[PDB]
Every structure is written in C-alpha cells, then in structure tokens.
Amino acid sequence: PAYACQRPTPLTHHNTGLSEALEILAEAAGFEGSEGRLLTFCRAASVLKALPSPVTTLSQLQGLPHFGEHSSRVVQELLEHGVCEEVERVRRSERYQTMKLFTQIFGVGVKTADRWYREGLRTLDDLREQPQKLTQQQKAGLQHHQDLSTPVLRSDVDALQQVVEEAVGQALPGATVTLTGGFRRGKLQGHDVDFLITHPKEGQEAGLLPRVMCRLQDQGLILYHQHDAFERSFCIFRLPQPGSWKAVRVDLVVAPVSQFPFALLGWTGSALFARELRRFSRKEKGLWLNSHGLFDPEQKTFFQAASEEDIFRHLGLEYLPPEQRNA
C-alpha cells in the first residue's frame, strides 16, 4: 500500500542498509528546506522497512510505491557497488555535518542552524563563544549536549517512570503515567523518554502539569524546563548513574481521558507513521485527525474513541500494535 499506516512496519527489518541510505537523502533534503523531497525519501525508506525479505535485485522495486528514478538509482548503486556516490557526498559535506550537529541541539531547528551556518559558525564551541546569540533553551541544550547525545536505555526508562509516577500521584491521586514514544514501539534506546498523563475522571486533569513540574523541581530532578497554564513539558531530567548522574530529555503530556486514545496514538508515533495516518485520514476518508480527536468536517462532529483500536476501525484500517508503527 501507498501509506505507511496501511502496513505493519517492525522495529528491525531486512533492508537496513538501503533504508539508512535513503534516510540520509531525506535528512539532507530537510536541511535544504525541501519538505516534499524529505517526505518522498522517508516514505521510500519506510516501504523497504515493511518488506518481508531483503531487496537483492532492482526488479524487486517494480511496483513499489514511492520508488521512481531517483530512489531506484540509489538502491541500484548500493546493490551493485555497496555504496551510493550521492549519499557519500552528502555524508562528508560540511553543510550536512554542521546542519546535523546544529539541529541535534535541543532548541535549534533547521531555520536557526541554517542562519548560523551562513554566518560562518561550524562547531559547538563556536556557538559557546557567542552566548548573545542563544536562547535560554539553546543554552541548556548546548550545556547538556554531551549527555543528550548518549542514548537513553530501556533500563533508564523504568527508573524515570517511577519518579514521574511519584510526583504525579502527589499532584493528583488516581492520575496515571503511560510510556509513549519510541520505547512504547519497542525501541531499546531513545533520544528521550515520552510520557502521557491522564486521570480517569474527566476534568480532573485540568491544571495538573504545573503541579507535577513543581513537585519534580522540589525533588531536585529538573535540570531545565520552560517555566501560565500548560499541558506539555519538554525538560531535561537528572537521572541516577553509578557514582554520578546524567542529563536525560523527558517529555510530559497531559490529556483528558476522553482524548487519551487520540493522544496515545499521536505521541506513540512514529513521527512518519503519525503524519501518514493523518494524511490518510484527511485524503482518503475526509476526516481530520489530531492528538485531540477525529473530526468529520461535513457533519461538524467528533468521533468518540475508547481505544486506539476504535480509531483504526473508524478509519477502515487494520489495527497495528505500537511495535508495528515503526515507519
């Protein structure tokens, strides 16, 4: 099928090298502002992840969605020579390496990285010498960059969840913490830990996240956070280690229980899976999907879901467990 939400995509697969190469080109397209080419290369990479066996000859790409002349030539050169000249040229270019380094900083997007690049900046130390150019968020990202470049491990995640649950249970007894993001899809490591928080009584979650953050702050666990009312927090946590501690990015989201299936579906991802599912919803079904609900514009009504299963059924899609949403 043409959309990633119509097929299972496991975490590990049989075309790792080919998909990695196409994702380099996708990433390079994004650094140059070409969102359309980024999407096509990401989609072609995702198709290969969904295949049941390795691609060994060009003919296997026949009829595969999102493979045209450019992506097929990339695959062809990898099959024939083990390397793609275009991909290798991107890898070693100063532009790619610096945009990759800069955009990996928490608080730095493509627009900011591109301005710094054009101004001649190239390294983290270059940015550190110009702290007048940095927001407080970027200063935090730069200071903690080395720890944040270390993958979070599944072992780390359970220790963090207990701490978050402790603060959440004091902020509002009966509130729950659900692991979402990449670790919910089965990843053994990640760039951060994502949590979704709710309470079984509609309305009780109002105003919860400031109370949660206050309690985490008082426990001494918050190295950075954005802080009147808010429902999403992007922070840097102090995580325990043997004889020391390390900084870890943690995302917290609060949703009312009525919206929990939609929020769980959205924040579980993958990011490409979510965009493809929303695109499918809008273009094939005429329904508008987000992390709050599923809207029929013609009837001006919202579909009530009690589960992610509900949502897949309402879109006419076979259910995909989180481990099969690794588009």
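Sequential numbering from 1, following the sequence displayed.
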(request) Mind giving me a quick count class for deposited residues absent from the model between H227 and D228? Options are none, 1 to 3, 4 to 9, 10 or more. (result) 10 or more
(request) Select between 42-50 and 57-65 the stretch whose C-alpha atoms have the higher average B-factor in the entry. (result) 57-65
(request) Report the stretch with the higher mean CA temperature factor, choosing between 249-257 and 216-224 on the basis of the entry. (result) 216-224
(request) Sort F280, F302, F273, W267 by C-alpha B-factor from the entry and give me just the highest. (result) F302
(message) Between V193, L134, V168, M99, which one tops the list for Cα B-factor in this entry?
(response) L134
(message) Going by the CA temperature factor in the PDB record, which third of the chain does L127 belong to: lowest, middle or highest?
(response) highest
(message) Splitting the chain's C-alpha B-factors into thirds, which one does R313 fall into?
(response) middle
(request) State the tercile, meaning the lowest, middle or highest third, of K139 with respect to the CA B-factors recorded for its chain. (result) highest
(message) Please place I197 in the lowest, middle or highest third of its chain according to the CA B-factor in the PDB entry.
(response) lowest
(message) Please place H81 in the lowest, middle or highest third of its chain according to the CA B-factor in the PDB entry.
(response) highest
